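Asker:
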Ligand SMILES: [Zn+2]
Ligand SMILES: [Zn+2]
Ligand SMILES: [Zn+2]
């Protein structure tokens with residue numbers, strides 16, 4: 005009682021520090042009387058307009074704890090004054106009160131939401147001023163996001179005002195309206211969703227302008243993303259209209275409708291089954307769409354590549370058709386001029402291979434084409450393009466253990482080139498070594514015998530790199546190389562004498578360092594054990610010391 | 260074995276409900292859970308790390324489901340996950356190398372990928388439990404502030420600088443909103459946010475002055491997000507710049523309309539008038555304004571004198587740029603250059619050769635900047651005669676052109692970026708001391724007598740949002756206020776009014 | 021020969037009521053304070069920098085800090101004083 009009065013008196017001290025500390029003390033007390046509550050509430054509202062900024066910040070942060078403790082009636086007039094302050098002419102008051110309403114909604127019972135939405139609905143419709151529309155839309159989206167299922171009675175009222183805004187000249191209004199629509203659909207009744215979908219379809223059927231069709235297609239994509247299963251029953255009418263729109267000359271319009279297809283393919287799998295063939299055909303036909311260059346429209350190629358990935362990653366039961374029709378296209382499109390599209394097509398084909406884990426014979430039939438494309442693609446200067454080829458090879462070998470038996474002569478120089486290139490970074494070297502390890506592990510030893518002379522020097526050089534991550538992979542590869550040069554379970558006519566010293570000398574330095582990391586030591590011990598086990602006889606006086 | 264145990268547990272419930280008494284349900288369940296799970300916790304902990312190394316989400320989910328039935332059995336998994344995420348983040352940053360120190364995009368994207376992968380893993384496999392998201396937050400906060408990049412810079416303030424430099428690259432000249447949201451997600455784990463704020467303001471000033479913004483909607487979106495992230499003072503400090511730009515647009519339009527009354531200007535002229543206090547720019551060096559530009563200077567000075575009598579202007583010649591057209595070349599081409607380059611290029615039109623020492627007096631440009639801009643000119647291959664010699668003569672290289680119709684020779688200076696970063700880093704350090712002094716003054720104002728530890732705690736809890744003060748600097752601030760007579764000692772301090 | 025077509029210039033405005041000097045102490049704004057000059061060099065002299073305000077009035081940091089101990093009003097200016105730059 006007496007303590008609060010002194011703070012209330014010091015909040016008008018006409019000095020910055022006293023006001024700051026009084027507000028801080030009140031905020032601390034609230035976190036840890043009927044007549045006193047009203048005075049505190051009025052003072053916080055008055056401090057919202059203080060000249061100093063720190064006092065304003067404290068006043069805003071005080072609104073959070075304040076509403077929890079004080080009675081419900083006071084919250085009503087707090088909401089009233091903040092909502093009134095939004096529509097005030099002063100520019101700074103709107104901004105300072107918007108944060109207050111967002112905090113009040115965050116730290117929040128059912129009556130205050132009804133009080134807020136009444137003002138918000140009228141505020142959104144004001145076509146003359148755009149700032150009020152933007153902030154009101156943000157606040158309403160926040161209100162619907164959290165504790166938005168309570169306002170069951172106001173859903174038609176909210177939707178009656180949002181739909182006009184989708185034709186606003188300002189593009190920000192449309193973008194902020196779509197989010198509010200999605201959050202509304204996230205939790206609403208069945209009657210309102212039918213009206214929304216019917217309105218969108220009716221608007222699309224009578225296309226007034228190019229910019230309008232884009233907005234409704236984006237709205238359909240967003241509602242499909244959030245609602246998901248609820249829109250599956252209406253796909254039978256959505257798909258044919260969007261397919262007809264996809265043929266329009268506008269480059270931008272194509273990307274949005276392809277993304278719309280992707281949402282239907284991914285979010286709702288059951289209802290989209292009949293139209294998968296049409297979606298795949300459209301994506302394939304637009305995957306090669308470059309209307310300028312022959313051997345500003347890379348967005349449509351990216352969209353097609355991503356939609357193909359979405360289709361492949363979900364439908365397990367379509368592998369025979371996949372390797373029949375989509376596999377040759379992606380392999381043929383490994384020569385994309387833009388790096389971004391090439392990454393997308395590589396990711397799509399990797400998704401296909403991961404799904405493949423009969424498909425196997427079809428994949429083995431297509432292996433030569435993959436090798437032919439990758440042979441050209443491994444000579445590129447860019448690190449990122451080369452880095453995807455190794456991830457391609459690793460997955461291909463993992464799915465089919467003996468896939469690359471016939472192409473080692475053409476695949477080895479590509480790895481060797483990346484291993485000793487100066488421009489190559491650490492990530493490229495690590496991936497190349499990892500690919501080489503997997504290739505060596507999953508193939509017969511007799512294949513690599515001609516190429517041991519080529520493989521040994523770069524690997525030995527990679528064991529001595531200053532970065533220890535490369536050294537660990539080099540030691541791991543050296544172990545398998547030791548197993549390959551002289552296997553102990555099968556007869557071999559290969560002569561391994563020249564490379565014995567080359568491997569031993571590089572391994573022993575890492576074995577006896579006493580300053581290297583844990584991983585390098587733990588791999589050096591393992592590699593030296595294998596060296597001794599397989600080729601220890603040729604070692605001379607070094608073995609007793611080792 | 261997890262599958263087998265999960266099947267056996269359900270079979271036991273079926274059995275006890277079907278043909279036993281209902282009072283055995285608790286005992287049978289407890290005994291079965293014990294013998295099946297609690298005795299193999301060491302093997303489960305060993306398998307957890309291997310499942311983490313080779314990404315196997317369903318196995319991790321089944322392990323979480325099984326071990327969640329044991330009292331205080333989830334503790335070790337949280338620690339293992341925290342250590343794994345911290346090591347993965349450090350390793351991912353380390354593999355980037357020395358390039359991350361000067362490439363914001365790579366550095367930010369690596370952290371974003373590391374965060375996104377394990378956030379998805381926690382949301383999917385661990386059923387979005389509070390304990391696991393706490394471990395993820397701790398690991399992210401650990402490896403964002405301290406990593407290999409910060410060791411090279413010898414300070415933990417490099418991460419906010421790189422984030423602010425990534426935002427500027429994003430916002431310079440549909441999916442952008444998502445990456446901006448990701449940036450705001452990363453910004454939560456930064457200890458030193460004032461470093462981010464100062465750099466963001468300093469680069470937004472450059473974007474606004476030079477008119478090289480992508481779109482105003484993205485700027486508004488960033489302002490809105492920073493409103494929820496940061497406080498209100500910073501937002502108003504940023505809004506003052508936009509208000510000044512808006513005022514300057516109207517002033518320029520009014521001057522353009524009024525200019526037609528007299529003889530029109532021979533050259534296109536636009537002006538950006540900014541308040542000195544709000545904007546971060548500094549005063550220009552001494553300069554001899556070229557004769558070709560004197561009329562526009564005088565006319566605007568006279569006009570702004572009439573519009574506002576009280577105010578006085580202060581021109582900045584290190585941020586003013588223009589366009590030039592040449593007829594002495596093989597083919598007429600228009601080029602874009604700064605005011606200094608114009609002055610040291612319009613100096614000679616018919617004259618072919620000049621000495622750098624001799625030409626210095628005419629332009630009055632300081633030697634340090636003059637040499638550094640001469641390297642920029644010479645590298646453009648438009649001028650010809661690697662250290663400097665004051666007696667060197669520079670002669671125009673006639674008959675030289677470029678493939679493009681127009682050439683932009685306004686290239687950032689080699690050392691300017693490093694000097695700007697160093698100066699900003701020093702200003703941040705000075706501002707920290709000033710804020711600490713102000714906080715101590717306020718605390719002494721409110722409370723007449725206080726102890727050392729209580730004062731330190733109050734300062735730390737007041738300033739914790741922006742940065743974490745060090746203990747020695749607070750004591751140094753107390754000492755400097757001792758000399759300034761704000762407070763005097765009586770381990771206990773007292774305000775002297 | 022060269023010709024100029026377009027020129028974009030940037031300028032900053034400030035109150036001219038000052039002679040580029042502090043008002044509390046009649047010294048040039050870039051120079052040190054009266055207290056700083058009279059006293060010997062110390063840690064206090066290291067922290068001497070011009071400070072602006074929202075009202076765009078410029079004084080020495082030490083001068084305005086001394087002035088604000090008793091009053092809360094800008095010298096040339098009847099509005100309340102707030103800090104915005106150093
Ligand atoms: Zn002074
Ligand atoms: Zn001074
Ligand atoms: Zn003033």
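Chains as they are written, first to last, in the deposited numbering: chain D, 5 to 36, 42 to 117, 127 to 313, 345 to 406, 423 to 611; chain C, 260 to 432, 440 to 651, 661 to 765, 770 to 776; chain R, 21 to 106. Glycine included, C-beta positions come from ideal geometry on N, C-alpha and C.
So which residues touch the region around ligand 1, with touch meaning a C-beta under 5 Å from any heavy atom?
Answerer: Result (chain order): R/42, R/44, R/45, R/80 and R/83.
Asker: So, are the CB atoms of residue 211 of chain D and residue 245 of chain D less than 9 Å apart?
Answerer: Numbered from its first residue, the first chain carries residue 211 of chain D at position 193. Numbered from its first residue, the first chain carries residue 245 of chain D at position 227. Going by C-beta atoms, residue 211 of chain D is nearer than 9 Å to residue 245 of chain D.
Asker: Whose C-alpha, out of D/17, D/44 and D/365, is nearest the C-alpha of residue 5 of chain D?
Answerer: Numbered from its first residue, the first chain carries residue 5 of chain D at position 1. The shortest C-alpha separation from residue 5 of chain D is found at D/44.
Asker: What is the rounded straight-line gap between the Cα of residue 25 of chain R and the Cα of residue 193 of chain D?
Answerer: The residue labelled residue 25 of chain R in the question sits at position 5 within the third chain. The residue labelled residue 193 of chain D in the question sits at position 175 within the first chain. Each residue's Cα considered, the two are about 41 Å apart.
Asker: Using a Cβ cut-off of 8 Å, pull out every chain C residue sitting near residue 92 of chain R, in sequence order please.
Answerer: Taking the first residue of the third chain as 1, we reach residue 92 of chain R at position 72. Correct list: empty, because the minimum Cβ distance to chain C is about 12 Å.
Asker: For ligand 2, I want to know if residue 56 of chain R counts as a neighbour, meaning its beta carbon is within less than 8 Å of at least one of the ligand's heavy atoms.
Answerer: By 1-based counting over the third chain, the position of residue 56 of chain R is 36. Checking the Cβ of residue 56 of chain R against ligand 2 gives yes.
Asker: Per the contact definition of three or more C-beta pairs closer than 8 Å, is the segment 511–528 of chain D in contact with the segment 543–550 of chain D?
Answerer: At 8 Å Cβ cutoff, the stretches touch.
Asker: Using the three-state DSSP reduction, which class does residue 442 of chain D fall into: helix, strand or coil?
Answerer: Locating residue 442 of chain D in the first chain gives position 377, counting from the first residue. Residue state, collapsed to three classes: helix.
Asker: Flag this pair as yes or no: are the beta carbons of residue 344 of chain C and residue 325 of chain C separated by less than 9 Å?
Answerer: Translated into positions along the second chain, residue 344 of chain C becomes position 85. Translated into positions along the second chain, residue 325 of chain C becomes position 66. Not in contact: residue 344 of chain C and residue 325 of chain C (Cβ atoms no closer than 9 Å).
Asker: Are the CB atoms of residue 380 of chain C and residue 319 of chain C within a distance shorter than 9 Å?
Answerer: The sequence position of residue 319 of chain C within the second chain is 60, counting from 1. The sequence position of residue 380 of chain C within the second chain is 121, counting from 1. In contact: residue 319 of chain C and residue 380 of chain C (Cβ atoms closer than 9 Å).
Asker: Mind listing the chain C neighbours of residue 325 of chain D? Cutoff is C-beta to C-beta under 7 Å, in chain order.
Answerer: Here chain D breaks off after 313 and picks up again at 345, leaving residue 325 of chain D without coordinates.
Asker: Helix, strand or coil: which one does DSSP assign to residue 335 of chain C?
Answerer: In the second chain, counting from the first residue as 1, residue 335 of chain C sits at position 76. In this structure, residue 335 of chain C counts as helix in the three-state DSSP scheme.
Asker: Kindly indicate which three-state DSSP category residue 74 of chain R falls into: helix, strand or coil?
Answerer: The residue labelled residue 74 of chain R in the question sits at position 54 within the third chain. It is coil, neither helix nor strand.
Asker: When the cut-off is 9 Å and only beta carbons count, does residue 18 of chain D lie next to chain R?
Answerer: By 1-based counting over the first chain, the position of residue 18 of chain D is 14. Chain R contact via Cβ: present.
Asker: For residue 449 of chain C, which of C/421, C/342, C/303 and C/713 has the nearest alpha-carbon?
Answerer: Stepping through the second chain from its first residue, residue 449 of chain C is reached at position 183. If we check each option's Cα against that of residue 449 of chain C, C/421 comes out closest.
Asker: What I want to know is whether the C-beta of residue 52 of chain R ends up closer than 8 Å to one or more non-hydrogen atoms of ligand 5.
Answerer: Ligands displayed in this structure: ligand 1, ligand 2 and ligand 3; ligand 5 is not among them.
Asker: Would you kindly report the start and end of the unbroken alpha helix (DSSP H) that includes residue 448 of chain C?
Answerer: Residue mapping note: residue 448 of chain C aligns to position 182 of the second chain, counting from 1. Looking at the DSSP string, the run of the alpha helix (DSSP H) that includes residue 448 of chain C is 442–453.
Asker: Between C/354, C/388 and C/396, which has its C-alpha nearest residue 333 of chain C's C-alpha?
Answerer: Translated into the one-based positions of the second chain, residue 333 of chain C becomes position 74. It is C/388 whose Cα lies nearest to the Cα of residue 333 of chain C.
Asker: For residue 455 of chain C, would you say it is in contact with chain R, using Cβ-to-Cβ distances shorter than 9 Å as the test?
Answerer: Your numbering for residue 455 of chain C matches position 189 in the second chain. Residue 455 of chain C does not count as touching chain R.
Asker: Here's a check: name, in chain order, each residue in its chain whose Cβ is nearer than 7 Å to the Cβ of residue 384 of chain C, leaving out the five neighbours to either side.
Answerer: Your numbering for residue 384 of chain C matches position 125 in the second chain. Excluding positions up to five away in sequence, the list reads 316, 319, 320 and 323.
Asker: Give the single residue among D/205, D/190, D/191 and D/255 whose Cα lies nearest to the Cα of residue 216 of chain D.
Answerer: Sequence index remark: in the first chain, residue 216 of chain D carries index 198 (1-based). When each option's Cα is compared against that of residue 216 of chain D, the closest is D/255.
Asker: Give me the residue from D/428, D/380 and D/485 with the minimum Cα distance to residue 442 of chain D.
Answerer: Position 377 of the first chain, counted from the first residue, corresponds to residue 442 of chain D. For the residues D/428, D/380 and D/485, the minimum Cα distance to residue 442 of chain D belongs to D/380.
Asker: Which two residues bound the contiguous alpha helix (DSSP H) that contains residue 483 of chain C?
Answerer: By 1-based counting over the second chain, the position of residue 483 of chain C is 217. Residues 482–495.
Asker: Need the endpoints of the beta strand (DSSP E) that residue 621 of chain C sits in, please.
Answerer: As a first step, residue 621 of chain C is located in the second chain; it is residue number 355 there, counting from the start. 619–621 is the extent of the beta strand (DSSP E) around residue 621 of chain C.
Asker: Rounded to the nearest angstrom, what separates residue 284 of chain D and residue 278 of chain D at their Cα positions?
Answerer: Walking along the first chain from the start, residue 284 of chain D turns up at place 266. Walking along the first chain from the start, residue 278 of chain D turns up at place 260. Distance between the alpha carbons of residue 284 of chain D and residue 278 of chain D: 10 Å.
Asker: Consult DSSP for residue 407 of chain D and reduce its assignment to one of helix, strand or coil.
Answerer: Coordinates for residue 407 of chain D are simply not present: the residues of chain D run from 406 and resume at 423.
Asker: Check the Cβ-Cβ distances between residue 356 of chain C and every residue of chain D, and say whether any is below 9 Å.
Answerer: Locating residue 356 of chain C in the second chain gives position 97, where the first residue counts as 1. True, the Cβ-Cβ gap to chain D drops below 9 Å.
Asker: Please name the residue in D/474, D/449 and D/504 whose C-alpha comes closest to that of residue 461 of chain D.
Answerer: Within the first chain, the letter at position 396 stands for residue 461 of chain D. The residue with the shortest Cα to Cα distance from residue 461 of chain D is D/504.
Asker: Is residue 100 of chain R helix, strand or coil by DSSP?
Answerer: The residue you call residue 100 of chain R lines up with position 80 of the third chain. Looking at residue 100 of chain R - three-state DSSP - the assignment turns out to be strand.
Asker: Check whether the Cβ of residue 486 of chain C lies closer than 9 Å to any Cβ atom in chain D.
Answerer: The residue labelled residue 486 of chain C in the question sits at position 220 within the second chain. Closer than 9 Å to some Cβ of chain D, the Cβ of residue 486 of chain C qualifies, so yes.
Asker: Since I believe residue 406 of chain C is in contact with residue 457 of chain C (beta carbons under 8 Å), could you give me their beta-carbon distance rounded to a whole number of angstroms?
Answerer: Walking along the second chain from the start, residue 457 of chain C turns up at place 191. Walking along the second chain from the start, residue 406 of chain C turns up at place 147. No, residue 457 of chain C and residue 406 of chain C are not in contact; Cβ-Cβ is about 13 Å, not under 8 Å.
Asker: So that I know if they touch, is there some Cβ in chain D lying closer than 9 Å to that of residue 383 of chain C?
Answerer: Working through the second chain from its first residue, we reach residue 383 of chain C at position 124. For residue 383 of chain C, the answer is no, since every Cβ of chain D falls outside 9 Å of its Cβ.
Asker: Tell me whether residue 656 of chain C, by its Cβ, gets closer than 8 Å to a heavy atom of ligand 3.
Answerer: Residues lacking coordinates in chain C include everything strictly between 651 and 661, among them residue 656 of chain C.
Asker: Examine ligand 2 and report whether any of its heavy atoms sits within less than 8 Å of the Cβ of residue 65 of chain R.
Answerer: Taking the first residue of the third chain as 1, we reach residue 65 of chain R at position 45. Yes, the beta carbon of residue 65 of chain R sits closer than 8 Å to at least one heavy atom of ligand 2.
Asker: Does ligand 3 have a heavy atom nearer than 8 Å to the CB of residue 87 of chain R?
Answerer: Sequence index remark: in the third chain, residue 87 of chain R carries index 67 (1-based). The answer is no for residue 87 of chain R.
Asker: Please check if any C-beta of chain D sits within less than 9 Å of the C-beta of residue 86 of chain R.
Answerer: Working through the third chain from its first residue, we reach residue 86 of chain R at position 66. Not an interface residue.
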